[PDB]
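Numbering (mature numbering (1 follows the signal peptide of the UniProt record, and there is no 0)), first residue to last: 70 to 399. A virtual CB, placed ideally from N, CA and C, is assigned to each residue, including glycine. Heads up: the structure comes next, in structure tokens.
So, in structure tokens, the structure goes:
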């Protein structure tokens, strides 16, 4: 089997992307944030504290003939950005772009933090990291991909995120029309539960590529590109007027500036992020100061190839017995 679904930015800055997911019988369609950096599929629901719901579409398990309560099970997650959610657990039929998994754990939120409430466009998350990170207790549950894997024509999914435009998540096949040139594959470590890999280096604008190992994670659920302070400083030094602002929380630059591209290495291959992808707009409405899309990972504890990086590529998440990641230009 295969599946293919369109993913759409939630706003004009590509802060996140939402993909429609069918849950239950009859289907309830919710727009979920596919997150290769976590491993829980959780939704706003009829059980979510009413005061914490503000415009989201909710899952109502009592209206699904296929919903089953996982007796006594709970879940609770905290994300890198400080947000969180928790609740109880159902299994139900879940379909993405024509691909159906029966008995998928659908984690129903009883509580969500303010950042989720405040985002009316995101009805939940669909985790696509390794199932070892799943937070269900007492018994961990498998991700949608892990459950679908054996049935897929090939044990892969691909992310093809758009810049200020829709893109595509495919399951079970590689669309050879969706990229230019060849896909370069690189090794993955699953030791921390992430799609963790080692970039071979970077370049700033037209500068000569610097060969240096950068361990990090491919994370569709993170907006920006978070890299070591050395790398990030080298980038912003090439932008007139750019500076790191503790007040704002990162590198800012004059909105009128021309941003250089940023290149990262995948083996001997190279992915070029156009300068415009690194512009995240005015720091506040009406400001002439803009927020940068490449920021330091110092104090995160891990480098993160988030949407800023991934949307410059066609990305293969190869869930074979020994997982790998593939990147192509597009």
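I need the straight-line Cα distance from residue i to residue j, nearest angstrom please.
i, j, result
"residue 325", "residue 312", "14 Å"
"residue 243", "residue 317", "40 Å"
"residue 357", "residue 375", "25 Å"
"residue 147", "residue 208", "18 Å"
"residue 453", "residue 178", "Outside the shown range of the chain, which is 70 to 399, sits residue 453, and nothing can be said about it."
"residue 140", "residue 157", "9 Å"
"residue 211", "residue 340", "32 Å"
"residue 196", "residue 277", "37 Å"
"residue 118", "residue 337", "50 Å"
"residue 218", "residue 149", "27 Å"
"residue 281", "residue 255", "15 Å"
"residue 345", "residue 82", "11 Å"
"residue 131", "residue 249", "47 Å"
What distance in whole Å lies between the Cβ atoms of residue j and residue i, which are believed to be in contact at a cut-off of 8 Å?
i, j, result
"residue 200", "residue 215", "5 Å"
"residue 152", "residue 107", "Actually they are not in contact, since the Cβ atoms of residue 152 and residue 107 sit about 11 Å apart, beyond 8 Å."
"residue 85", "residue 191", "7 Å"
"residue 170", "residue 128", "Actually they are not in contact, since the Cβ atoms of residue 170 and residue 128 sit about 15 Å apart, beyond 8 Å."
"residue 327", "residue 272", "Not confirmed; about 17 Å, so no contact."
"residue 371", "residue 285", "7 Å"
"residue 193", "residue 305", "At roughly 35 Å, the Cβ-Cβ gap does not stay under 8 Å, so residue 193 and residue 305 are not in contact."
"residue 173", "residue 213", "6 Å"
"residue 310", "residue 329", "Not quite, the Cβ-Cβ distance comes to about 14 Å (not below 8 Å), so this is no contact."
Using a Cβ-Cβ cutoff of less than 7 Å, which residues in the same chain neighbour residue i once the five nearest sequence positions on both sides are dropped?
i, result
"residue 392", "257, 259"
"residue 135", "93, 94, 161, 162"
"residue 189", "123, 124, 125"
"residue 379", "228, 230, 287, 289"
"residue 73", "166, 167, 237, 239"
"residue 382", "340, 396, 397, 398, 399"
"residue 145", "155, 204"
"residue 279", "270, 271, 272"
"residue 89", "74, 98, 100"
"residue 109", "144, 146, 176, 194, 196, 203, 204"
"residue 303", "273"
"residue 77", "86, 87, 235"
"residue 348", "328, 359, 362"
Which class does residue i belong to by DSSP, given the choice of helix, strand or coil?
i, result
"residue 437", "Residue 437 is absent from the model: the chain starts at 70 and stops at 399."
"residue 281", "strand"
"residue 161", "strand"
"residue 80", "coil"
"residue 35", "With the chain running from 70 to 399 in the structure shown, residue 35 is simply not present."
"residue 216", "helix"
"residue 144", "strand"
"residue 257", "coil"
"residue 244", "coil"
"residue 119", "helix"
"residue 169", "strand"
Near residue i, which residues of its chain fall below 8 Å by C-beta distance, leaving aside the five closest residues on each side in sequence?
i, result
"residue 143", "155, 156, 157, 158, 205, 206"
"residue 319", "313, 360, 361, 364, 365"
Can you list, in chain order, the residues of its chain whose CB lies under 6 Å from that of residue i, leaving out five sequence neighbours each side?
i, result
"residue 186", "121, 123"
"residue 261", "none"
"residue 133", "93, 94, 161"
"residue 220", "70"
Assess contact between the segment 266-281 and the segment 347-362, defined as three or more Cβ pairs (one per stretch) separated by less than 8 Å. Is contact present? The segment 266-281 vs the segment 347-362: no contact.
Does the count of Cβ pairs from the segment 363-378 and the segment 287-295 closer than 8 Å reach three? yes
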